[PDB]
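Counting starts at 1 for both ligands and their atoms, in listed order. Just so you know, residue 1 is the first one in the sequence shown, and it goes up from there. Values below: every heavy atom of this structure, side chains too, minus hydrogens, waters and symmetry copies.
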Amino acid sequence: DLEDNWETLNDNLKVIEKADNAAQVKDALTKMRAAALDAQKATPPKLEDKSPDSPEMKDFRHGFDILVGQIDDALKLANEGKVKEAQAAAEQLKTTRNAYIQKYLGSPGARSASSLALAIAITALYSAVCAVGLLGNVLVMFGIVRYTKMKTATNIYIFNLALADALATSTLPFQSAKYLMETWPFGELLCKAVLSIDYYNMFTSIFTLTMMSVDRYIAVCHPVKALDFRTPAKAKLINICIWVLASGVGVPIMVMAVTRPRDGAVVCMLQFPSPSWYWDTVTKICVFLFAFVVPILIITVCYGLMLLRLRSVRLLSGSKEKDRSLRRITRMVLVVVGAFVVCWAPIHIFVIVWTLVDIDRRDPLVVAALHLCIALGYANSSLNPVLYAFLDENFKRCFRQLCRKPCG
Ligand SMILES: Oc1ccc2c3c1O[C@H]1c4[nH]c5ccccc5c4C[C@@]4(O)[C@@H](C2)N(CC2CC2)CC[C@]314
Ligand SMILES: CCCCCCCC/C=C\CCCCCCCC(=O)OC[C@H](O)CO
Ligand SMILES: CCCCCCCC/C=C\CCCCCCCC(=O)O
Ligand SMILES: CCCCCCCC/C=C\CCCCCCCC(=O)O
Ligand SMILES: CCCCCCCC/C=C\CCCCCCCC(=O)O
Ligand code: NA
């Protein structure tokens with residue numbers, strides 16, 4: 001209510017300076033006056049702790065009284081067709097606004113300024129995530145393809161995470177541009193690509209982590225039975241099944257993703273069939289369930305039992321060297337899974353809150369928090385290759401060898 005009044009007041013001052021004619025000035029003055037009278041009835045957030053009779057609230061009201069009277073005088077000029085004189089009076093309005101109202105409401109366009117500062121912060125973070133995650137995950141993929149010692153079932157699942165992570169990080173410079181420009185300049189096909197990739201990363205990542213966790217559970221807790229379940233070839237086939245299952249959501253996203261005009265700009269968005277708010281809500285609930293709660297419950301059972309096994313048995317296999325290896329690989333999986341949960345839980349919860357709950361969605365701290373949770377979800381992509389290199393001696397060694405011989 002007050003926020004909107006303050007913007008309209010300030011926006012219309014600008015219209016007046018830009019006006020071609022008296023009618024445009026009269027119209028803008030008329031809106032400024034309406035906005036001013038509404039603002040005058042309200043309490044600034046800063047003054048919530050004060051009496052209506054305090055020197056602060058007296059001052060705030062006095063300012064709008066002065067402003068309204070100046071608008072009344074300028075309207076008489078505009079009504080009589082005197083555009084230059086009307087425009088000149090709008091200059092005096094800035095003085096009043098600055099001396100009395102900005103005191104309490106903050107600088108005009110402070111909200112816009114925060115939006116821009118956030119977009120610049122997002123761009124910087126997204127550029128870092130993109131560089132580390134794209135380059136890092138491409139190396140992981142080439143490394144696994146190149147080396148025989150790298151083709152283990154666990155690492156075939158890691159290949160799947162890397163593919164998703166490479167795709168997602170490749171979108172980030174486009175998303176940055178969108179945030180800075182406050183519009184989508186890239187056309188509909190790229191919109192479909194970016195939205196689809198975004199959802200495929202979300203679904204394939206968690207499906208892959210669930211299968212990695214089950215695979216590791218089998219390896220650690222059922223080592224004899226494991227021979228009948230675990231091979232690199234089987235993990236590769238499960239990866240394909242993961243992408244096919246994820247396409248259940250992916251292909252509908254591909255179809256529904258469109259560019260639409262919205263408030264002078266172009267938005268890249270999902271067009272749900274009617275009633276759109278309903279299918280949006282159903283989809284968000286299903287994402288919360290099947291991309292977050294359900295796989296995390298599965299993983300938690302496997303995770304807890306792996307922890308119990310690791311402390312309840314002296315040796316997981318024949319030799320201390322190999323035991324050590326199985327324990328190290330298991331720890332790496334547990335860290336990767338843990339890092340995923342820490343990076344993605346905040347945004348999963350926040351999407352549900354934003355969609356279903358009556359929060360203040362235009363509040364800058366709430367918007368910044370939301371965007372930081374989104375960024376944290378992407379940052380998981382850049383984190384992973386770093387985790388693999390520090391937690392698995394074979395990744396470290398094969399990263400070095402790949403770089404020694406890029407072409408063999
Ligand atoms: O239902 C989802 C649950 C979690 C996420 C999303 C979901 O629908 C997308 C979506 N709609 C929103 C509506 C209001 C506020 C935020 C979002 C997001 C965030 C996000 O863009 C994000 C997360 N990306 C992934 C990105 C964090 C790395 C995947 C797609 C999407
Ligand atoms: C498939 C599993 C791996 C995928 C990895 C993600 C990469 C997505 C890349 C490009 C999407 C381009 C989409 C091409 C456009 C076809 C959809 C379409 O035409 O939309 C219908 C229209 O909007 C109303 O009916
Ligand atoms: C905005 C969309 C841009 C998407 C494309 C850029 C991201 C590229 C991602 C993955 C391609 C890398 C595949 C490397 C696997 C090794 C292939 C092989 O050697 O057989
Ligand atoms: C870019 C910001 C990313 C911040 C994410 C922080 C990542 C660390 C998160 C969780 C680590 C979980 C540790 C799991 C313990 C291993 C169990 C064990 O081996 O006994
Ligand atoms: C690693 C586990 C962390 C999980 C905690 C999740 C916290 C982020 C999720 C939701 C926060 C929602 C906050 C909404 C504040 C409402 C303010 C308002 O408008 O009144
Ligand atoms: Na991912």
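Residue pairs that meet the side-chain hydrogen bond (donor to acceptor under 3.5 Å, both in side chains) test with at least one member in residues 119-134, sequence neighbours left out, do not exist here.
Of the protein's non-hydrogen atoms, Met141 CE, 4.8 Å is the one closest to atom 11 (C) of ligand 3. Of all protein heavy atoms, the one closest to atom 4 (C) of ligand 3 is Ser170 OG, 3.5 Å. Among protein heavy atoms, the minimum distance from atom 9 (C) of ligand 3 is reached at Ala166 CB, 4.0 Å. Of the protein's heavy atoms, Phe142 CE2, 3.8 Å lies nearest to atom 16 (C) of ligand 3. Ranking protein heavy atoms by distance to atom 20 (O) of ligand 3, first place goes to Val145 CG1, 4.5 Å.
Under the 6.0 Å cut-off for aromatic ring centres, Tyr200 and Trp243 qualify, their centroids lying closer than that. When ring centroids are compared, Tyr199 and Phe203 stay outside the 6.0 Å threshold. Residues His371 and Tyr179 bring their aromatic ring centres within 6.0 Å.
At a cut-off of 3.5 Å, with distance as the only test, a side-chain donor of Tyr378 or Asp198 sits close to an acceptor on the other residue. Using a 3.5 Å distance cut-off with no hydrogens or angles, the side chains of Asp65 and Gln40 do pair a donor with an acceptor.
The environment of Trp279 atom CH2 is sparse: at most 12 non-hydrogen atoms of other residues, nucleotides or ligands sit within 6.0 angstrom.
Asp280 places no side-chain N or O within donor-acceptor distance of the main-chain N or O of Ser276, the cut-off being under 3.5 Å.
We find the CZ-CZ distance between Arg97 and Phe64 to be 10.5 Å, quoted to the nearest 0.5 Å.
Across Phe186 and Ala177, no two heavy atoms sit closer than the pair CZ-CB, 3.8 Å.
Protein atoms of type N/O/S that fall under 3.0 Å from the Na ion (ligand 6) number 3 in this view.
Checked against side chain to side chain contact (heavy atoms under 4.5 Å, CB included), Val244 has the following partners two or more places apart in sequence or in another chain: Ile240.
Here the side chains of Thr281 and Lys284 are not in contact, with every heavy-atom distance at 4.5 Å or above.
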Pairs of nitrogen or oxygen atoms, one from ligand 1 and one from the protein, closer than 3.5 Å: please tabulate them with distances.
| from | atom 1 | to | atom 2 | distance (Å) |
| --- | --- | --- | --- | --- |
| ligand 1 | 8 (O) | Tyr199 | OH | 2.9 |
| ligand 1 | 21 (O) | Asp198 | OD2 | 3.2 |
| ligand 1 | 24 (N) | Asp198 | OD2 | 2.9 |

